[PDB]
Asks: 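Pasting a structure here, questions to come.
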Amino acid sequence: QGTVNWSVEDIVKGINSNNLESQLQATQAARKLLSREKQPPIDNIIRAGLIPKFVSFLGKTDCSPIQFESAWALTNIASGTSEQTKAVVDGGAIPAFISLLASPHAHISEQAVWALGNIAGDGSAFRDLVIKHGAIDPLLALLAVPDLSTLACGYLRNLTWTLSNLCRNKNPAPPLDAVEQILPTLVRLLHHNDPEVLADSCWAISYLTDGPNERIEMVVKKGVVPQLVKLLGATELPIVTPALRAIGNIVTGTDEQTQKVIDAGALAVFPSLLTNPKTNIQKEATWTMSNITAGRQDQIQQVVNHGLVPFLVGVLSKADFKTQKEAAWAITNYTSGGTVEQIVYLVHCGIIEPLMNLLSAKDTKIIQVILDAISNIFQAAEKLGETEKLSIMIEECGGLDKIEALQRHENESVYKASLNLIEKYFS
Amino acid sequence: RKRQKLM
């Protein structure tokens with residue numbers, strides 16, 4: 001292979017030669033230049049004006065090697081900044097790649113899938129432009145096989161990643177018709193036995209579930225929540241992270257969607273998620289819990305039945321401070337929407353000491369959340385003639401001191417609520 | 001977002 005380490009000048013000489021095979025050699029040399037991880041000369045290749053020549057090569061049926069080489073080079077040009085991807089798009093590459101998707105050579109169609117994914121990954125605009133050119137139909141036609149296992153592993157992984165990029169990005173979100181067109185194949189991929197396919201499919205579902213309740217409902221109608229929970233229980237963290245993200249997105253919708261999550265058995269997995277060694281898994285699991293303790297009282301009772309209140313107490317006691325803030329949110333929602341029996345159970349699980357210990361943080365929001373939770377618990381106690389007991393409890397663990405110190409805190413509502421508590425339950 | 005193809 002004497003196509004190693006050409007100069008941009010030599011490649012330009014070869015591509016302008018009007019000799020199909022000299023052009024093929026120059027295009028392979030360009031591909032190898034662009035395939036180096038140490039600063040590929042993308043900008044230099046663009047300034048040479050080579051993108052139109054590559055795009056024209058994309059359509060040379062009688063020379064599949066130059067098709068593959070130009071597709072690879074343009075894929076690696078589109079893998080760069082938004083301006084480089086834009087240079088690829090302006091050359092007319094989208095329709096050429098969509099036409100290549102029907103190539104009878106598997107590696108060329110795979111490279112076209114790769115390039116289209118790189119393009120759509122730039123953002124909403126290029127995503128929707130790829131959709132408008134009619135990519136979804138051929139992309140999904142490539143997956144129209146009885147058993148996904150017959151497809152090549154890398155082929156299927158690239159197809160899944162591209163389809164996931166077609167579901168990515170918001171403001172705007174993907175077209176509803178496109179999501180309806182993709183979701184069946186996406187579910188079939190979500191039921192695949194390959195870990196990377198599963199991770200990309202869960203990321204796609206997490207993208208689709210990040211939005212209004214209508215999108216969440218589109219996703220939930222397809223009965224993917226049970227599979228999402230099964231994957232939530234997986235050992236491969238790359239699969240668990242997107243599955244937890246998707247469950248947390250779904251529980252932000254209506255209480256019926258949250259209830260479908262609960263029915264699928266998600267809570268049973270949360271004892272592990274809330275003690276996960278990954279800080280972000282813990283944080284997102286606590287964030288998901290906060291969106292469940294905000295729901296109905298029967299759902300709070302489901303949380304309690306699964307014995308997850310001790311795990312929230314633990315997270316509040318020792319965890320990354322952001323996880324602790326999400327836990328404070330969950331506790332405040334619990335107390336605001338829960339019964340008196342449930343608030344009493346929360347206090348019995350040992351919430352008061354770790355809740356007080358967080359009133360010395362420098363985050364003003366967590367102070368407000370904790371004070372709101374304390375006010376709710378004190379209301380629940382008033383409903384029992386137990387305010388004296390709870391005040392004694394908060395005093396014996398050093399909480400009264402922090403509450404008093406919060407009267408000089410700069411923020412307004414902070415000292416307002418703290419002074420209210422001081423004057424109302426401590427006299 | 002994007003993925004470069006390496007040799």
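Reminder, nothing fancy here: chain letters follow the sequence lines and each chain counts from 1. Heavy-atom basis, side chains included; hydrogens, waters and symmetry copies ignored.
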Asks: Are side-chain heavy atoms of A:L384 and A:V344 found at a separation under 4.5 Å?
Replies: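 Counting from C-beta outward, A:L384 and A:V344 do come under 4.5 Å.
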
Asks: In the structure I gave you, are the side-chain heavy atoms of A:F97 and A:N118 within less than 4.5 Å of one another anywhere?
Replies: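 With C-beta onward as the side chain, the pair stays apart.
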
Asks: With a 4.5 Å heavy-atom cut-off, do A:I292 and A:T258 have their side chains touching?
Replies: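 SC-SC contact between A:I292 and A:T258 confirmed.
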
Asks: Answer yes or no: is there a donor N or O on one side and an acceptor on the other, between the side chain of A:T293 and the main chain of A:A330, under 3.5 Å?
Replies: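 Indeed, once roles are kept as given, a pair shorter than 3.5 Å links the two residues.
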
Asks: Can you list, pair by pair, the side-chain donor-acceptor contacts under 3.5 Å of residues 269-278 of chain A, counting residues two or more places apart and other chains?
Replies:
{"unit_1": "A:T275", "atom_1": "OG1", "unit_2": "A:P271", "atom_2": "O", "d": "2.8"}
{"unit_1": "A:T275", "atom_1": "OG1", "unit_2": "A:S272", "atom_2": "O", "d": "3.3"}
{"unit_1": "A:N276", "atom_1": "OD1", "unit_2": "A:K278", "atom_2": "N", "d": "3.0"}

Asks: Would the distance check show the side chain of A:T85 and the main-chain N or O of A:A78 forming a donor-acceptor pair, the cut-off being under 3.5 Å?
Replies: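 Yes, the answer is positive, given that a donor and an acceptor are paired below the 3.5 Å cut-off.
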
Asks: Determine whether the side chains of A:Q181 and A:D137 contain a donor N or O and an acceptor N or O closer than 3.5 Å.
Replies: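 Short answer, yes.
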
Asks: Is there a side-chain contact between A:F311 and A:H306 in this structure, where contact means two heavy atoms from C-beta onward sitting under 4.5 Å apart?
Replies: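 The answer is no; the side chains never approach within 4.5 Å.
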
Asks: Does A:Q67 have any side-chain hydrogen bond (donor to acceptor under 3.5 Å, both in side chains) partners at least two apart in sequence or in another chain, and if so, which?
Replies: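 A:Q67 satisfies side-chain hydrogen bond (donor to acceptor under 3.5 Å, both in side chains) with no other residue.
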
Asks: How would you list, by chain and number, every residue that makes a salt bridge (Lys or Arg N to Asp or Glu O under 4.0 Å) with A:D363, sequence neighbours excluded?
Replies: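 A:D363: salt bridge (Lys or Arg N to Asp or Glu O under 4.0 Å) contacts with A:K325.
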
Asks: Strictly distance-based, threshold 3.5 Å: is any side-chain N or O of A:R215 a donor or acceptor partner for the main-chain N or O of A:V179?
Replies: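 No.
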
Asks: Backbone N or O of A:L371 within a donor-acceptor pair of the A:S375 side chain at under 3.5 Å?
Replies: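 Side chain of A:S375 to backbone of A:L371, a donor-acceptor pair under 3.5 Å: no, none is there.
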
Asks: Would you call A:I351 and A:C349 a side-chain contact if the rule is heavy atoms closer than 4.5 Å?
Replies: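 Side-chain contact under 4.5 Å: no.
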
Asks: Would you call A:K86-A:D90 a salt bridge at under 4.0 Å N-O?
Replies: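 Looking at A:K86 and A:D90, the cut-off is met.
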
Asks: What is the minimum heavy-atom distance between A:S35 and A:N76, and which atoms define it?
Replies: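 Taking every non-hydrogen atom into account, OG-ND2, 3.1 Å.
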
Asks: Decide whether A:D372 and A:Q368 meet the rule of one side-chain donor and one side-chain acceptor closer than 3.5 Å.
Replies: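 Result is no, nothing qualifies.
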
Asks: So, the side chain of A:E110 versus the backbone of A:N158: is there a donor-acceptor pair under 3.5 Å, distance only?
Replies: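 Side chain of A:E110 to backbone of A:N158: no pair is present.
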
Asks: For residues 195-203 of chain A, tabulate all N or O donor-acceptor pairs below 3.5 Å that involve a side-chain atom, not counting sequence neighbours.
Replies:
{"unit_1": "A:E196", "atom_1": "OE1", "unit_2": "A:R157", "atom_2": "NE", "d": "3.3"}
{"unit_1": "A:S201", "atom_1": "OG", "unit_2": "A:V197", "atom_2": "O", "d": "2.9"}

Asks: What side-chain donor-acceptor pairs closer than 3.5 Å can you find for residues 216-239 of chain A, not counting sequence neighbours?
Replies:
{"unit_1": "A:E217", "atom_1": "OE1", "unit_2": "A:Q257", "atom_2": "NE2", "d": "2.8"}
{"unit_1": "A:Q227", "atom_1": "OE1", "unit_2": "A:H191", "atom_2": "NE2", "d": "3.4"}
{"unit_1": "A:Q227", "atom_1": "NE2", "unit_2": "A:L190", "atom_2": "O", "d": "3.4"}

Asks: Which pairs pass salt bridge (charged side-chain N to carboxylate O under 4.0 Å, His left out) with one or both residues in residues 166-176 of chain A, sequence neighbours excluded?
Replies: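 Every salt bridge (charged side-chain N to carboxylate O under 4.0 Å, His left out) pair that includes a residue of residues 166-176 of chain A, provided the two are not neighbours, is A:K170-A:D210.
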
Asks: Could you report the tightest heavy-atom contact between A:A373 and A:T332, atom names first, then the distance?
Replies: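 That closest heavy-atom pairing would be CB-OG1, 3.4 Å.
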
Asks: Would you mind reporting whether A:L208 and A:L186 have side-chain heavy atoms less than 4.5 Å apart?
Replies: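 Side-chain contact under 4.5 Å: yes.
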
Asks: When you check the side-chain N and O atoms of A:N171 and A:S124, is any donor under 3.5 Å from an acceptor?
Replies: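 Distance-only check fails for A:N171 and A:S124.
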
Asks: Using modelled atom types and a 3.5 Å cut-off, is there a donor and acceptor pairing between side-chain atoms of A:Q84 and backbone atoms of A:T81?
Replies: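 Here the side-chain-to-backbone pair exists.
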
Asks: Do you know the tightest heavy-atom contact between A:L406 and A:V414?
Replies: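 Nearest heavy atoms, A:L406 then A:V414: O-CG1, 3.9 Å.
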
Asks: What are the two closest non-hydrogen atoms of A:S70 and A:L58, and how far apart are they?
Replies: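 Closest approach of A:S70 to A:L58, heavy atoms only: OG-CD2, 3.5 Å.
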
Asks: Which pair of non-hydrogen atoms, one from A:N213 and one from A:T254, has the smallest distance, and what is that distance?
Replies: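 A:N213 and A:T254 have their closest heavy atoms at ND2-CG2, 3.7 Å.
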
Asks: Which value, rounded to the nearest 0.5 Å, describes the distance between A:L163 atom CG and A:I182 atom CD1?
Replies: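 Reported value, rounded in 0.5 Å steps: 6.0 Å.
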
Asks: Just wondering, are more than 12 heavy atoms of other shown residues or ligands nearer than 6.0 Å to CD in B:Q4?
Replies: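 Yes, the 6.0 Å shell around CD holds more than 12 heavy atoms from other groups.
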
Asks: So which pairs with a foot in residues 111-134 of chain A pass salt bridge (charged side-chain N to carboxylate O under 4.0 Å, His left out), sequence neighbours left out?
Replies: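 Only A:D122-B:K2 qualify under salt bridge (charged side-chain N to carboxylate O under 4.0 Å, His left out).
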
Asks: Holding to salt bridge (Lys or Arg N to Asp or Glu O under 4.0 Å), I want the full list of residues that pass it with A:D255, two or more places apart in sequence or in another chain.
Replies: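 Partners of A:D255 by the salt bridge (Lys or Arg N to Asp or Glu O under 4.0 Å) criterion come out as none, since no residue qualifies.
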
Asks: Quick check: are there more than 12 heavy atoms from other residues, nucleotides or ligands sitting under 6.0 Å from CZ of B:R1?
Replies: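 Counting neighbours around CZ of B:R1, 12 or fewer heavy atoms of other residues, nucleotides or ligands fall under 6.0 Å, so no.
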
Asks: Under 6.0 Å from the CD atom of A:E83, do we count more than 12 heavy atoms belonging to anything else shown?
Replies: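 No, CD of A:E83 has 12 or fewer neighbouring heavy atoms, counting only those of other groups under 6.0 Å.
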
Asks: Identify, with sequence neighbours excluded, every residue that meets ring pair (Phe, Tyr, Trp, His ring centres under 6.0 Å) alongside A:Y345.
Replies: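 For A:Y345 there are no ring pair (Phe, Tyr, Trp, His ring centres under 6.0 Å) partners, ignoring immediate neighbours.
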
Asks: Using a 4.5 Å cut-off on heavy atoms from C-beta on, say whether the side chain of A:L116 contacts that of A:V113.
Replies: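 Side-chain contact under 4.5 Å: no.
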
Asks: State whether the side chain of A:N165 and the backbone N or O of A:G117 hold a donor-acceptor pair below 3.5 Å, judged by distance alone.
Replies: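 Checking the backbone N and O of A:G117 against the side chain of A:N165, a donor-acceptor pair under 3.5 Å is found.
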
Asks: According to ring pair (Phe, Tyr, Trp, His ring centres under 6.0 Å), who are the partners of A:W72, at least two apart in sequence or on a separate chain?
Replies: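 With neighbours one apart ignored, the set is A:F68.
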
Asks: Can you pull the salt bridge (charged side-chain N to carboxylate O under 4.0 Å, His left out) pairs that have at least one residue in residues 298-318 of chain A, sequence neighbours excluded?
Replies: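 Every salt bridge (charged side-chain N to carboxylate O under 4.0 Å, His left out) pair that includes a residue of residues 298-318 of chain A, provided the two are not neighbours, is A:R296-A:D298.
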
Asks: How about A:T3 and A:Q28: does a side-chain donor come under 3.5 Å of a side-chain acceptor?
Replies: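 Judged by distance alone, the side chains do pair up.
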
Asks: Does the side chain of A:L189 come within less than 4.5 Å of A:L156's, by heavy atoms?
Replies: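 Sidechains of A:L189 and A:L156: in contact.
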
Asks: What residue pairs, at least two apart or across chains, pass salt bridge (charged side-chain N to carboxylate O under 4.0 Å, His left out) with a residue in residues 51-79 of chain A?
Replies: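 For residues 51-79 of chain A: A:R31-A:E69.
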
Asks: Could you pull out the closest heavy-atom pair between A:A361 and A:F321, with the gap in Å?
Replies: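 Looks like CB-CE1, 3.6 Å.
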
Asks: To the nearest 0.5 Å, tell me how far A:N44 CG sits from A:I11 CD1.
Replies: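 So the gap between those two atoms works out to 10.0 Å.
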
